[PDB]
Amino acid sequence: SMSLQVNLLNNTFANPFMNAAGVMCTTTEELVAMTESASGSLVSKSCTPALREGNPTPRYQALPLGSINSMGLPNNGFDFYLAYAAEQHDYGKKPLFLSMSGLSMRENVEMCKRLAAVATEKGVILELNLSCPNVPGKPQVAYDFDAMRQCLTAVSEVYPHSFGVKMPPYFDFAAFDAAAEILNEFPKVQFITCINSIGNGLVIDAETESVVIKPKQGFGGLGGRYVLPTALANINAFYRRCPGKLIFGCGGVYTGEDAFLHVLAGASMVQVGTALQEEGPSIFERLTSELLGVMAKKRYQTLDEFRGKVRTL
């Protein structure tokens, strides 16, 4: 009588849950573990053309209300994630997203040219990251609407497939309108993932009288409980302003109820970051169970019945 099934991008997903890019998806063993998990899908660590060591440690800290990180894009490099998608991933189990985070337009252009064939042959789907806020001396691409337009223009020009974009959060309607206007000019952009972390917060430990991460004087992206209302705002804002596109939710999901809120705001897929970092891939069994439980109590049978139907006053 009940179903968490999702159909989009010419795929069927058993449920809307997946990891947030960058969480538990860097190594072969992590990718295998996500594939073997109860999640409906998975996305690989945001990649650069060559392997990156990332920022000095400590660079992640769990917190009572979430997390702060300045990882600095540590990743195995594009060849590695391309090879996983081309040769190793079991598409029989679930669809695969590959997150790309080139440090320049030219890097994204070069990687997309090579990804094209693998997307065609295997069905891997590109999630293009325009919102990394932890690489020193590199402003978030999507806070500069001109840099955003140019990046999307280049990728659309060279990449012969649909793709999605991972967005930083915005905090005013003018920004929502400006971002949506740009995104709506690109028909290949078929999903929008809202949101990446809330950028450059600063956690201070009262006992040590110090920051808690090493890079960038302790400034890092916030995730977890801190970001849920901001995530829902962005999910709903683009859900409304980009009616021709799907929205993937990301931010502050720890429970089936949290996920229910994401869907109500407009989300098709629901990404899990901080909570997954702290619990491991077994969380997806708990989350599907919980979401089904929420739906049971509210008398919903499918996600379609309430997606985007949040009531305004």
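Throughout, we count residues from 1 along the sequence that is shown.
- Mean CA temperature factor is higher for 280-288 when stretches 253-261 and 280-288 are set side by side in the entry.
- When 223-231 is weighed against 73-81, 73-81 comes out higher, by mean CA B-factor as recorded in the entry.
- Of the candidates 210, 156, 236, 129, the PDB record gives 156 the highest C-alpha temperature factor.
- The maximum CA B-factor among the listed residues 139, 164, 199, 215, taken from the PDB record, is found at 139.
- Annotation for residue 193: CA B-factor lies in the lowest third of the chain's modelled residues.
- Annotation for residue 99: C-alpha temperature factor in the lowest third relative to the rest of the modelled chain, per the entry.
- Sort the chain's modelled residues by C-alpha temperature factor and residue 21 lands in the middle third, per the entry.
- Among the modelled residues of its chain, residue 54 has a C-alpha B-factor that falls in the middle third, as given in the PDB entry.
- Sorting the modelled residues of the chain by their CA temperature factor places residue 267 in the lowest third.
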